[PDB]
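Chemist: Structure provided below as structure tokens; questions to follow.
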Amino acid sequence: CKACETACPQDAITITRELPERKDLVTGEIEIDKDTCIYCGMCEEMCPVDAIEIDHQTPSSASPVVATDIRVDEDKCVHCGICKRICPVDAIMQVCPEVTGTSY
Amino acid sequence: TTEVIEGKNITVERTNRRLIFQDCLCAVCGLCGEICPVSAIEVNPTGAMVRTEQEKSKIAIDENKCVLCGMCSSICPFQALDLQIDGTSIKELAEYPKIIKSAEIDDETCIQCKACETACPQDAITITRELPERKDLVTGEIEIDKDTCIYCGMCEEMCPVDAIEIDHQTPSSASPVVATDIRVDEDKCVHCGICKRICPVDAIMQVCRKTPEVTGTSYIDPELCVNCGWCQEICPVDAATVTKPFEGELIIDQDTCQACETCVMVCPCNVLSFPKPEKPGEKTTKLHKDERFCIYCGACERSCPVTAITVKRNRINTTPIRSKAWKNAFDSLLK
Amino acid sequence: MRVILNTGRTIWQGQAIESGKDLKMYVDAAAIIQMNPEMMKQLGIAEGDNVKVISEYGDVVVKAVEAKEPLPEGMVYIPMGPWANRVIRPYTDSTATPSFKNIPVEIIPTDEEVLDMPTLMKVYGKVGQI
Amino acid sequence: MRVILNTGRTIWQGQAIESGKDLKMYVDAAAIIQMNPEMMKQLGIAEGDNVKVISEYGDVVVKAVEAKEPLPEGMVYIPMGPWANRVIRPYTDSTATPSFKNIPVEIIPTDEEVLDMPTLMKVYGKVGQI
Amino acid sequence: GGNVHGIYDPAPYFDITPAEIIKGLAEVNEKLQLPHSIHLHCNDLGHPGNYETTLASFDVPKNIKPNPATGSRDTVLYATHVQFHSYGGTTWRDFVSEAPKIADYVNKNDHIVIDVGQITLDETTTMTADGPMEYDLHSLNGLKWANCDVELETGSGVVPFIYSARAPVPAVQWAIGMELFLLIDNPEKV
Amino acid sequence: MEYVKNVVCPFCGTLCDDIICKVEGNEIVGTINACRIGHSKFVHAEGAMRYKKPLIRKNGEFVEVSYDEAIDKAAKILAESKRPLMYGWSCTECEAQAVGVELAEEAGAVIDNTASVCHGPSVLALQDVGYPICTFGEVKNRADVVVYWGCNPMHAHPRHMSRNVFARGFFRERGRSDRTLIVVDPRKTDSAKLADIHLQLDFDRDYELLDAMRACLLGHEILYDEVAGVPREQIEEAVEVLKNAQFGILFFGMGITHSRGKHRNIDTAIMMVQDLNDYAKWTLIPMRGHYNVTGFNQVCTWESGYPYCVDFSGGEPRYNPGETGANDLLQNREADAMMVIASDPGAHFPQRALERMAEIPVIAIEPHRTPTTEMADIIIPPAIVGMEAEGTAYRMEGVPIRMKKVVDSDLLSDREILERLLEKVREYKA
Amino acid sequence: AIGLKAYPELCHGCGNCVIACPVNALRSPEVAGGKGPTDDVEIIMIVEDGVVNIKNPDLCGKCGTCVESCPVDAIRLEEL
Ligand SMILES: Nc1nc2c(c(=O)[nH]1)N[C@H]1C(S)=C(S)[C@@H](COP(=O)(O)OP(=O)(O)OC[C@H]3O[C@@H](n4cnc5c(=O)[nH]c(N)nc54)[C@H](O)[C@@H]3O)O[C@H]1N2
Ligand SMILES: Nc1nc2c(c(=O)[nH]1)N[C@H]1C(S)=C(S)[C@@H](COP(=O)(O)OP(=O)(O)OC[C@H]3O[C@@H](n4cnc5c(=O)[nH]c(N)nc54)[C@H](O)[C@@H]3O)O[C@H]1N2
Ligand code: SF4
Ligand code: SF4
Ligand code: SF4
Ligand code: SF4
Ligand code: SF4
Ligand code: SF4
Ligand code: SF4
Ligand code: SF4
Ligand code: SF4
Ligand code: SF4
Ligand code: SF4
Ligand code: SF4
Ligand code: SF4
Ligand code: SF4
Ligand SMILES: [K+]
Ligand SMILES: [K+]
Ligand SMILES: [K+]
Ligand SMILES: [K+]
Ligand SMILES: [K+]
Ligand SMILES: [K+]
Ligand SMILES: [K+]
Ligand SMILES: [K+]
Ligand SMILES: [K+]
Ligand SMILES: [K+]
Ligand SMILES: [K+]
Ligand SMILES: [Mg+2]
Ligand code: NA
Ligand SMILES: [S]
Ligand SMILES: [W+6]
Ligand SMILES: [Zn+2]
């Protein structure tokens, strides 16, 4: 808990801890239909952990599109369900380790 | 007939008739210089005015030659020249020939995706949208039992949105505690459940238990819009409609072009580009065009030092021109 | 060089006004310019060297001393007195109170001497009125 | 002032070595210290003023010039040549290559003159060996 | 950063196969009446199962008649270091010698001379104009790698290599070269 | 006025071979195509000393002597020395360099070139981890990513960018527009001003930045939020630009050979370039300095087996940079005599090495007045390679080009001087 | 009027402008590919005696490509 490390008046204690990875404290599945996606950017803006990334671009006559890809980083996602609810074309499907350390 | 210089802008006035040139809207296409029946206008080099720093205005209007006819104001595809007669612009006077063009967004069809705002080469579109507050996209209840809490700090560290705050302190004999309070900001919480699962003493109670409409507006600035049609083509629901001033053709000689990029930078409609090869060893078109976005202004041709790109103009969209002087001037721009 | 002139009290200027404004100790306490050692290196001067101070409002010669109360970069300090009041902003902005603090001034080294109290006041050219 | 000394090429030092290291143009191209205008302001110097550069390894007098290729804060640049090589780190770290770049040095303004090429080389005291 | 696999696979852009390069250069060689023949280091060097690519390569210039102006050469193809081109199997785990099939081809055909490229079982250095093979060797042993791509012309690579008698692949590689020398009946072809 | 075309420039490692010399009588009075530096080497600057005769130092004065007298005294010094140093070589041609190697064997000398103050750390690195290079035409015709890491070509290799970046190649027909130009330098140099990406990193931290780029390339997390003053997110983005190249070239210079870590900065850059080949075609080219520094290391390697810092004191060649390099031998006071050829250690060595040059006999084979001739006991002037004498030179990526004789000189070539010196040292040794 | 102007005293003779120019590249395949001309040709400017030298100013289209290619502002487009 590290309370003794903070309290020690001589700074004689070292307390460390290895927290579980975020992905192991949530459970769910998430998938974006890239053909249905219109690259409106609302999911990317609203995502609370920046798990969604869109490859935005200025269109050119050789590539007449505002973006070339959209991805969800499943290691960052916390399965809050905000993205599926804001999507205006329903392109998103979304559905819903002990602490080790050293004491010295 | 006098003239007033306001930085790079030019005003030619006679007493009433007033011709105003706005340097910031000029694309240096050269059409005003070509149409003037008394050759009162001189247009500076297109590439130089776009690619380098110049103190000069993009055009020069000779007061001693200008007769304030308004042909230059009528032809300008960029709204940079405006002739006013007794305070009213010639675009509001039916006796003056007017080029037929438009650009609009159907607000009932629009879904506020913002693709047209990004694609517009003149930044003429403003799309606003009202997203709901984050607290209205999630539902749940959360509370921390402060008597059970041991202030280990694991929930505060793991919270993905920094909704948890602990008032940490160095203990003293009068206050022998490592912290004095813990709070959850319910407007920030996204009810992910991470905090309740990491808590080593189960001090956190968190439970998950119809979304409002996204409203918005669209606006096309008529002074900045050049009727290129990028909004119409990019729109996923066909909510944008555009009509162009001229019809014509572009001809590129790929072998004469030395890929200096001047025309690509000059084009105000983003018609021209340098495609990148997809795989190693593949070859691409040196200078790529997409005429769906072209307005046949002629700036590209004017800018090219090797004359590798030429513009043909087949029609200028107006109702039949009554004045012979105006009909002859407009006809001279066809080629 | 261009600097910002701040003015006000020193305990030494206080002791000097109460001892006597006609004594040498008043010239030693108030005909001075305090500056950070870095500014003295920029000007190429040492403690005890004289400095010519010029503003839009007047001019004065004062003795340079190292500041014991550190100044922000680009600021100097002349203690309140007739030397400081040769160069600060007289205008009151319709309040009655002049701008005694934070005036832009030009400072350069000089071989000219600091003027004592009666000699400094002769710059105003008092004409007898009785 | 404590600064970091970087050294290397300039097109002007290149033109001078190929024209003649015995000419005045070599002193004008290589007996110089390039500095950002902000550093010249901190030191209280102008372009053309001389600077004394001292390191743990030696000392040299060079002419200050404003850098046309901007430097990061706290860095100066002396073009490669015998003036730079009076002060950079000779040690090779058992590689054969000295530390010609990024050496801590002390810089101050000076009224001393820059030494021409034959005069600078007299500091080594060559003794005839035949 | 690529390579060709087999004799019917073209390089990017040029769109000419290894088989067409070999056949065309053999014809050029005899039109110029050169003293020596074309001198070939085959595609797919050092790979299990490459013996099929090698035998196909040997047949490519067989219908071209030798015509040297100087000397007495009477063969249209010279194939170098054939030990590295005589491998069976599909991976290094099932690797076997196919030297008897290669030697049988040389015994039965009259248009070919070979050299073996015998493993000496030393710590040595590899250096060839086979740039991608050298990079692949560096990827296997992790040792220092040099490369030089020469504009419009060729490439090259250099990697140190230890051929230990106690290691299984070098032991088979030594045996392959011995089989080529000893199973080829006529030393006029070696 | 005659125009001599296809001339090879005897200044930097770019080794331009399209120079046009303007010749009036027997004097090069002008040029075409050569940059400001190349032109300055070709034409004579009014007032600059060009020695017409050999010189010997007496007290502080010099006396003119014949080639016979000067070479005889130089040979006596070399023959009686126990640890002679034969240094420079990078501004002469390969035949003169080969005579130098034979003379170093005869005198039991240490032979070393300017690599020991230049790309010698790159040589140490390539010996440990490798050397993945290409020739200039591959850069021109294929490169879509060009990196200048710790080099300022606009000031030091002035036509390098016009020849390799602005040039329109076979698969890069749009020239500058088909390439992403990256410059890595703590200063905003004139080369960095042309870049698409300028990584203005903290000085002496290239090794740290390269460690982060390599860990990121292999799929690992970067331990710190900022490395060498570059934020984690921008390091990840720079790595993606390199991984997406169709053909990348990493050009590098003194910014990483002279700075903290020296050869280990080059080592980590080479390993990054090698590992990048699992994602994209990548190579590197050291920005070799003098027009023939590369030729010395080629000649010395093919004759002895080692490139520089070569010690022949024991008969067999031995190699130990850090022990047998010019600065090591002078600073550790081991060398008891020094012969300088086509180099200027007087101007370009640190003060600690100059202190040793003041105490030992110095022979300078040099055409002009320099800080080295100010420290010399004997000065022997030669005909200049690329203007008055021919021979091979090697470009920075190993391309050999023959230097031309444009005008005539009454002076001996370096090769001729060295052959006469070799004969006399042999005589004194007998 | 606006035209090409050289400042040879600021010039490095690097050749970026000579190669970047589309008029020069069209007239000389050597220049198109990054070399200085060896074949006799009439181009806008060349590097001569170590600095940029304007030879045929009437061929310049005032596009600004050379200007973007010079980091030391030694070739400009300005009122002549
Ligand atoms: N004008 C001229 N040209 C020459 C020569 C000459 O004397 N004069 N000599 C030739 C020779 S012999 C050589 S080797 C070449 C060398 O040419 P370059 O390799 O370009 O050598 P430098 O100009 O010494 O330094 C290059 C850059 O390294 C940067 N640098 C300094 N510290 C660091 C660092 O920690 N990291 C990084 N990334 N960069 C840093 C400097 O700011 C500088 O701009 O020039 C050759 N050409
Ligand atoms: N502070 C600092 N010092 C440095 C550097 C740095 O970046 N900073 N850089 C270092 C590097 S990388 C290097 S290579 C050195 C510079 O290397 P140096 O070799 O010292 O450079 P130069 O002064 O160009 O000397 C070349 C000499 O050769 C002579 N010469 C020219 N042609 C011929 C010929 O045909 N024959 C003969 N015999 N002589 C000829 C010239 O007159 C000239 O004096 O400087 C090093 N010193
Ligand atoms: S000993 Fe362990 S549990 Fe107890 S206060 Fe220290 S860290 Fe917390
Ligand atoms: S909200 Fe839906 S349409 Fe908009 S970008 Fe995200 S997935 Fe695509
Ligand atoms: S579920 Fe929540 S966290 Fe996961 S991507 Fe969608 S919005 Fe981001
Ligand atoms: S017509 Fe073309 S050149 Fe004339 S003002 Fe309008 S935009 Fe400028
Ligand atoms: S108003 Fe008529 S006369 Fe005056 S410039 Fe425009 S076109 Fe020419
Ligand atoms: S692209 Fe179509 S839907 Fe999207 S904002 Fe513009 S008009 Fe509305
Ligand atoms: S994890 Fe539990 S005990 Fe630790 S601070 Fe948060 S609520 Fe308190
Ligand atoms: S539920 Fe998730 S978002 Fe809300 S406080 Fe706990 S950890 Fe933070
Ligand atoms: S027509 Fe072209 S310029 Fe007008 S709003 Fe649509 S995209 Fe913008
Ligand atoms: S067409 Fe002319 S302007 Fe456009 S890129 Fe080609 S050469 Fe340059
Ligand atoms: S491509 Fe069409 S719109 Fe663009 S500059 Fe040329 S004529 Fe005008
Ligand atoms: S770049 Fe180097 S080789 Fe080419 S001309 Fe200039 S100095 Fe000579
Ligand atoms: S003008 Fe600029 S780009 Fe042209 S050669 Fe001179 S320095 Fe290089
Ligand atoms: S302005 Fe354009 S045409 Fe004129 S020289 Fe420069 S690049 Fe060539
Ligand atoms: K504590
Ligand atoms: K977000
Ligand atoms: K836009
Ligand atoms: K947190
Ligand atoms: K729990
Ligand atoms: K559409
Ligand atoms: K044109
Ligand atoms: K036969
Ligand atoms: K010269
Ligand atoms: K001229
Ligand atoms: K410029
Ligand atoms: Mg090749
Ligand atoms: Na200060
Ligand atoms: S060098
Ligand atoms: W060098
Ligand atoms: Zn082979």
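Here's how to read the names in the structure tokens: chain A, B, ... by the order shown, residue numbers from 1 in each chain, ligand numbers from 1 in the order shown.
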Would you list, as number ranges by chain, the residues of segment 129-177 of chain B that end up in strand (DSSP E or B) under DSSP run on this structure's backbone?
Modeler: B: 129-130, 140-144, 164-168
Chemist: What's the 8 Å shell around residue 23 of chain G, counting only C-alpha atoms, without same-chain residues fewer than 5 positions away, as number ranges by chain?
Modeler: B: 305-306; G: 43-44, 59-60
Chemist: List all protein, DNA and RNA residues that have any atom at most 8 Å from ligand 17, counting only C-alpha atoms and all ligand atoms, and write the list as number ranges by chain.
Modeler: A: 4-13; B: 170
Chemist: Go through G:32, G:11, G:77, G:19 one by one, measure the shortest atom-to-atom distance of each to residue 53 of chain G using only C-alpha atoms, and give the residue with the smallest value.
Modeler: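 Smallest distance to residue 53 of chain G is found for G:11.
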Chemist: Kindly work out which residues sit at most 12 Å from ligand 4, using only C-alpha atoms and all ligand atoms, and give the list as a VMD selection string.
Modeler: (chain A and resid 30 to 47 51 to 56 66 to 72 81 to 94) or (chain B and resid 111 to 115 131 214 236)
Chemist: Find the residues in chain D near chain C: any atom within 8 Å counts, using only C-alpha atoms. Write them as number ranges by chain.
Modeler: D: 42-45
Chemist: I need the chosen residues saved as a compact mmCIF listing (two decimals), in the first residue's frame, with N, CA, C and O atoms.
Modeler:
# COMPACT_ATOMS: atom_id res chain seq x y z
N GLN D 42 23.42 39.30 -23.59
CA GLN D 42 23.75 38.88 -22.21
C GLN D 42 25.17 39.29 -21.84
O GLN D 42 25.40 39.68 -20.70
N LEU D 43 26.12 39.11 -22.77
CA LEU D 43 27.53 39.44 -22.53
C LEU D 43 27.82 40.94 -22.60
O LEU D 43 28.86 41.34 -22.10
N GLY D 44 26.96 41.72 -23.25
CA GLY D 44 27.15 43.16 -23.45
C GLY D 44 28.08 43.47 -24.60
O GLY D 44 28.78 44.48 -24.56
N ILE D 45 28.09 42.63 -25.66
CA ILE D 45 28.97 42.83 -26.82
C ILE D 45 28.19 43.00 -28.14
O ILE D 45 27.01 42.66 -28.23
Chemist: Give as JSON, numbers by chain the residues surrounding ligand 23 up to a distance of 12 Å, considering only C-alpha atoms and all ligand atoms.
Modeler: {"B": [29, 30, 45, 46, 47, 48, 257, 262, 263, 298, 299, 300, 301, 302, 303, 304, 305, 306, 307, 308, 309, 310, 311], "G": [22, 23, 59, 60, 61, 62, 63]}
Chemist: Measure the distance from atom CA of residue 238 of chain F to atom CA of residue 205 of chain F in Å and round it to one decimal.
Modeler: 16.3 Å
Chemist: Got a sec to tell me which of segment 2-106 of chain D DSSP assigns to helix (DSSP H, G or I), as a list in words?
Modeler: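 Across segment 2-106 of chain D, those assigned helix (DSSP H, G or I) are residues 11, 12, 13, 14, 15, 16, 17, 18, 19, 24, 25, 26, 27, 28, 29, 30, 37, 38, 39, 40, 41, 42, 43, 84, 85 and 86 of chain D.
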Chemist: Please produce a file of the residues just selected, as an mmCIF file, in the first residue's frame, where the atoms kept are N, CA, C and O atoms.
Modeler:
data_model
loop_
_atom_site.group_PDB
_atom_site.id
_atom_site.type_symbol
_atom_site.label_atom_id
_atom_site.label_comp_id
_atom_site.auth_asym_id
_atom_site.auth_seq_id
_atom_site.Cartn_x
_atom_site.Cartn_y
_atom_site.Cartn_z
ATOM 1 N N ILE D 11 31.305 27.456 -45.301
ATOM 2 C CA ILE D 11 31.693 27.599 -46.710
ATOM 3 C C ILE D 11 32.846 28.655 -46.846
ATOM 4 O O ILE D 11 33.721 28.489 -47.680
ATOM 5 N N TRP D 12 32.839 29.681 -45.965
ATOM 6 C CA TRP D 12 33.800 30.792 -45.949
ATOM 7 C C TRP D 12 35.158 30.308 -45.447
ATOM 8 O O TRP D 12 36.187 30.703 -45.988
ATOM 9 N N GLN D 13 35.162 29.408 -44.453
ATOM 10 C CA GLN D 13 36.399 28.803 -43.975
ATOM 11 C C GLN D 13 36.960 27.879 -45.103
ATOM 12 O O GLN D 13 38.169 27.814 -45.276
ATOM 13 N N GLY D 14 36.081 27.223 -45.876
ATOM 14 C CA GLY D 14 36.487 26.387 -47.005
ATOM 15 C C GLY D 14 37.148 27.197 -48.108
ATOM 16 O O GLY D 14 38.226 26.847 -48.600
ATOM 17 N N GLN D 15 36.494 28.301 -48.505
ATOM 18 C CA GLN D 15 37.048 29.234 -49.483
ATOM 19 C C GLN D 15 38.415 29.767 -48.988
ATOM 20 O O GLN D 15 39.347 29.847 -49.784
ATOM 21 N N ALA D 16 38.528 30.115 -47.692
ATOM 22 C CA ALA D 16 39.781 30.665 -47.151
ATOM 23 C C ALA D 16 40.940 29.658 -47.119
ATOM 24 O O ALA D 16 42.054 30.040 -47.491
ATOM 25 N N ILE D 17 40.698 28.385 -46.715
ATOM 26 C CA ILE D 17 41.797 27.394 -46.695
ATOM 27 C C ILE D 17 42.323 27.118 -48.109
ATOM 28 O O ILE D 17 43.528 26.944 -48.291
ATOM 29 N N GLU D 18 41.432 27.104 -49.105
ATOM 30 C CA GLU D 18 41.848 26.890 -50.485
ATOM 31 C C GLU D 18 42.452 28.145 -51.124
ATOM 32 O O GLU D 18 43.240 28.007 -52.046
ATOM 33 N N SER D 19 42.118 29.357 -50.639
ATOM 34 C CA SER D 19 42.741 30.590 -51.152
ATOM 35 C C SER D 19 44.155 30.748 -50.556
ATOM 36 O O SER D 19 45.128 30.972 -51.292
ATOM 37 N N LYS D 24 44.749 37.283 -44.896
ATOM 38 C CA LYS D 24 43.851 37.932 -43.941
ATOM 39 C C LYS D 24 42.442 37.269 -43.953
ATOM 40 O O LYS D 24 41.809 37.177 -42.894
ATOM 41 N N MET D 25 41.978 36.786 -45.132
ATOM 42 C CA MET D 25 40.662 36.154 -45.226
ATOM 43 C C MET D 25 40.553 34.868 -44.368
ATOM 44 O O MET D 25 39.443 34.537 -43.949
ATOM 45 N N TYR D 26 41.679 34.174 -44.069
ATOM 46 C CA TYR D 26 41.630 33.008 -43.186
ATOM 47 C C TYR D 26 41.379 33.432 -41.732
ATOM 48 O O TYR D 26 40.553 32.810 -41.062
ATOM 49 N N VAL D 27 42.012 34.523 -41.283
ATOM 50 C CA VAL D 27 41.775 35.091 -39.932
ATOM 51 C C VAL D 27 40.298 35.545 -39.844
ATOM 52 O O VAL D 27 39.641 35.309 -38.832
ATOM 53 N N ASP D 28 39.783 36.186 -40.912
ATOM 54 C CA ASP D 28 38.395 36.675 -40.938
ATOM 55 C C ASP D 28 37.360 35.553 -40.965
ATOM 56 O O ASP D 28 36.261 35.757 -40.462
ATOM 57 N N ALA D 29 37.710 34.373 -41.514
ATOM 58 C CA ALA D 29 36.803 33.227 -41.600
ATOM 59 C C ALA D 29 36.898 32.258 -40.433
ATOM 60 O O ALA D 29 35.899 31.622 -40.138
ATOM 61 N N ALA D 30 38.083 32.069 -39.831
ATOM 62 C CA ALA D 30 38.294 31.037 -38.808
ATOM 63 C C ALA D 30 38.645 31.540 -37.386
ATOM 64 O O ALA D 30 38.447 30.768 -36.442
ATOM 65 N N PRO D 37 22.125 36.357 -31.241
ATOM 66 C CA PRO D 37 22.038 37.757 -30.759
ATOM 67 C C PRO D 37 21.690 37.900 -29.274
ATOM 68 O O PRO D 37 22.171 38.826 -28.628
ATOM 69 N N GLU D 38 20.887 36.963 -28.724
ATOM 70 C CA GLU D 38 20.504 36.969 -27.307
ATOM 71 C C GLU D 38 21.734 36.788 -26.419
ATOM 72 O O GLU D 38 21.811 37.420 -25.371
ATOM 73 N N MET D 39 22.701 35.928 -26.823
ATOM 74 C CA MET D 39 23.920 35.730 -26.035
ATOM 75 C C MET D 39 24.821 36.959 -26.082
ATOM 76 O O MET D 39 25.448 37.290 -25.076
ATOM 77 N N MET D 40 24.884 37.625 -27.229
ATOM 78 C CA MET D 40 25.679 38.851 -27.385
ATOM 79 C C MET D 40 25.111 39.943 -26.467
ATOM 80 O O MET D 40 25.873 40.660 -25.826
ATOM 81 N N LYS D 41 23.774 40.000 -26.363
ATOM 82 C CA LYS D 41 23.080 40.922 -25.475
ATOM 83 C C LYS D 41 23.401 40.604 -23.993
ATOM 84 O O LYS D 41 23.694 41.537 -23.249
ATOM 85 N N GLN D 42 23.420 39.304 -23.592
ATOM 86 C CA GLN D 42 23.753 38.876 -22.215
ATOM 87 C C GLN D 42 25.165 39.295 -21.842
ATOM 88 O O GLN D 42 25.398 39.679 -20.701
ATOM 89 N N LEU D 43 26.117 39.105 -22.773
ATOM 90 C CA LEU D 43 27.527 39.440 -22.534
ATOM 91 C C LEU D 43 27.818 40.940 -22.597
ATOM 92 O O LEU D 43 28.858 41.344 -22.102
ATOM 93 N N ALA D 84 40.302 27.496 -32.922
ATOM 94 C CA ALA D 84 39.434 26.502 -32.270
ATOM 95 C C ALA D 84 40.267 25.424 -31.523
ATOM 96 O O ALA D 84 39.970 25.061 -30.376
ATOM 97 N N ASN D 85 41.346 24.974 -32.167
ATOM 98 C CA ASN D 85 42.188 23.902 -31.634
ATOM 99 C C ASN D 85 43.121 24.306 -30.489
ATOM 100 O O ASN D 85 43.736 23.420 -29.895
ATOM 101 N N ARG D 86 43.122 25.579 -30.093
ATOM 102 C CA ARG D 86 43.774 26.015 -28.867
ATOM 103 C C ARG D 86 42.959 25.518 -27.653
ATOM 104 O O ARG D 86 43.557 25.240 -26.613
#
Chemist: Show me which bits of chain G are within 8 Å of chain F, counting only C-alpha atoms, as a ChimeraX atom specification.
Modeler: /G:11-16,19-20,31-38,46-51,69,71-72
Chemist: Can you tell me which residues surround residue 101 of chain A at a distance of at most 12 Å, considering only C-alpha atoms, apart from same-chain residues fewer than 6 positions away, and format the answer as a PyMOL selection string?
Modeler: chain A and resi 1-2+14-20
Chemist: Any idea what's packed within 7 Å of segment 225-229 of chain F, counting only C-alpha atoms, ignoring anything in its chain fewer than 5 positions away? Could you give it as a list in words?
Modeler: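 Contacts, in chain order: residues 201, 202, 205, 206, 208 and 209 of chain F.
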Chemist: Could you save those same residues with C-alpha atoms as a PDB file, in the first residue's frame?
Modeler:
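Final file, selection.pdb:
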ATOM      1  CA  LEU F 201      18.276  17.099 -30.759  1.00  0.00           C
ATOM      2  CA  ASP F 202      20.386  17.774 -27.655  1.00  0.00           C
ATOM      3  CA  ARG F 205      22.819  12.495 -27.058  1.00  0.00           C
ATOM      4  CA  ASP F 206      22.655  10.843 -30.532  1.00  0.00           C
ATOM      5  CA  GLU F 208      20.557   7.782 -26.518  1.00  0.00           C
ATOM      6  CA  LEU F 209      18.154   8.831 -29.332  1.00  0.00           C
TER       7      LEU F 209
END
Chemist: Quick one: everything within 8 Å of segment 70-82 of chain B, counting only C-alpha atoms, minus sequence neighbours fewer than 3 positions away in the same chain. Send it as a VMD selection string.
Modeler: chain B and resid 19 to 27 31 to 33 35 to 36 89 to 91 97 to 99 223 to 226 245 297 326
Chemist: Select, as a ChimeraX atom specification, those residues of chain B with any atom no more than 8 Å from chain A (distances computed using only C-alpha atoms).
Modeler: /B:111-115,118-119,134,137-138,150-153,158,160-161,170-171,178,190-194,197-198,211,234,236,270-275,288-290
Chemist: Please provide the set of residues having any atom within 7 Å of segment 61-69 of chain C, restricted to only C-alpha atoms, with same-chain residues fewer than 6 positions apart removed, written as a PyMOL selection string.
Modeler: chain C and resi 31-37+47-53+113-114
Chemist: Can those selected residues be exported to a file as a compact mmCIF listing (two decimals), in the first residue's frame so that it contains C-alpha atoms?
Modeler:
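Saved the output as result.txt:
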# COMPACT_ATOMS: atom_id res chain seq x y z
CA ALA C 31 23.20 59.06 -5.07
CA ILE C 32 23.61 55.37 -6.02
CA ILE C 33 22.37 52.80 -8.55
CA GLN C 34 21.96 49.19 -7.28
CA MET C 35 22.43 46.50 -9.94
CA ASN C 36 22.90 42.76 -10.23
CA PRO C 37 26.55 41.61 -10.70
CA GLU C 47 31.35 48.81 -7.52
CA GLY C 48 32.23 52.48 -7.00
CA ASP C 49 32.31 53.38 -10.73
CA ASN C 50 29.95 56.18 -11.83
CA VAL C 51 26.97 55.76 -14.20
CA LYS C 52 25.13 58.37 -16.33
CA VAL C 53 21.32 57.74 -16.18
CA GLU C 113 31.54 63.05 -10.71
CA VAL C 114 28.42 62.59 -8.58
Chemist: 8 Å from ligand 19 is the threshold here; counting only C-alpha atoms and all ligand atoms, which polymer residues fall inside it? Answer as a count of residues only.
Modeler: 11
Chemist: Given a cut-off of 9 Å, what residues near ligand 9 show up using only C-alpha atoms and all ligand atoms, put as a PyMOL selection string?
Modeler: (chain A and resi 1) or (chain B and resi 144-146+148-158+164+166+182+195-204)
Chemist: Within 10 Å of chain E, which residues belong to chain B? Use only C-alpha atoms and report them as a PDB file with N, CA and C atoms, in the first residue's frame.
Modeler:
ATOM      1  N   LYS B 279       3.985   0.470 -54.645  1.00  0.00           N
ATOM      2  CA  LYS B 279       5.020  -0.544 -54.409  1.00  0.00           C
ATOM      3  C   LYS B 279       6.383  -0.121 -54.993  1.00  0.00           C
ATOM      4  N   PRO B 280       7.495  -0.630 -54.405  1.00  0.00           N
ATOM      5  CA  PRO B 280       8.831  -0.297 -54.933  1.00  0.00           C
ATOM      6  C   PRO B 280       9.006  -0.736 -56.380  1.00  0.00           C
ATOM      7  N   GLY B 281       9.483   0.171 -57.217  1.00  0.00           N
ATOM      8  CA  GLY B 281       9.683  -0.108 -58.635  1.00  0.00           C
ATOM      9  C   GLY B 281       8.507   0.252 -59.518  1.00  0.00           C
ATOM     10  N   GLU B 282       7.348   0.613 -58.927  1.00  0.00           N
ATOM     11  CA  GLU B 282       6.192   1.006 -59.731  1.00  0.00           C
ATOM     12  C   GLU B 282       6.385   2.454 -60.139  1.00  0.00           C
ATOM     13  N   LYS B 283       5.798   2.811 -61.269  1.00  0.00           N
ATOM     14  CA  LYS B 283       5.885   4.142 -61.859  1.00  0.00           C
ATOM     15  C   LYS B 283       4.468   4.749 -61.846  1.00  0.00           C
TER      16      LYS B 283
END
